[PDB]
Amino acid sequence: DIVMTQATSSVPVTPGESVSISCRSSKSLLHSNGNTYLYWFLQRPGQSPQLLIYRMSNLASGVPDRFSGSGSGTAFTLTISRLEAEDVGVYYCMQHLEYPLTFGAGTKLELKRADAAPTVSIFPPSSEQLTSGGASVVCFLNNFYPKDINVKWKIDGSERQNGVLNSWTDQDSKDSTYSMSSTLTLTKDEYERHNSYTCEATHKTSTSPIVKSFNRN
């Protein structure tokens, strides 16, 4: 089959600036009839994909002229002149030269904003969960930017790697920040054998990590 290759993420850009999303094909999509059978779709968060560009350069009905398509036989570019907040989402290229029809992996476009440190909150396991034999220690790292962040867990000061699950949100549609939850799951016995629990957030906004702790007394 024809392989379509896209970059995974696009460098975040502020609303009103220009952005170019690139796609390439393992075989030329320029047909002998003069058409290049390349399609561009946008999938906004929680929405179905919608057509933006058909046959490389033609604009789909209802699509703003800030979108434009160009390219050659094996390389194609979708250009947005002035980014509008509603343009955030994943951009998929697709070839229609041959069946099976094949897509790029998608280029996720998100908004740039000023850096912001995370608000870190730590929560011990609830008594309710401890009655079930488990113990989840939770650490919320809320409203930070950029998305790259690192969390380290310490139990009685000693670092703990196994049993940690991290979940990032997508970019917040209101303030453009990111948030993430880090959950350390222990048995109840293991949790009650120790006293101090700590999550340390390392973000580019500071050299020293933001440290949150509790002692089970």
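The first residue of the sequence shown is number 1, and the count goes up from there.
The PDB entry records a higher mean C-alpha B factor for 60-68 than for its counterpart among 60-68 and 174-182. When 80-88 is weighed against 97-105, 80-88 comes out higher, by mean CA B-factor as recorded in the entry. Each of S32, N166, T187, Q47 has a CA temperature factor in the record; the biggest one is found at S32. Highest C-alpha temperature factor among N143, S132, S136, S127, as the PDB entry reports it: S132. Ranked by Cα temperature factor within the chain, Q43 sits in the lowest third according to the deposited record.
When the CA B factors of the chain's modelled residues are split into thirds, the value for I53 lands in the lowest one.
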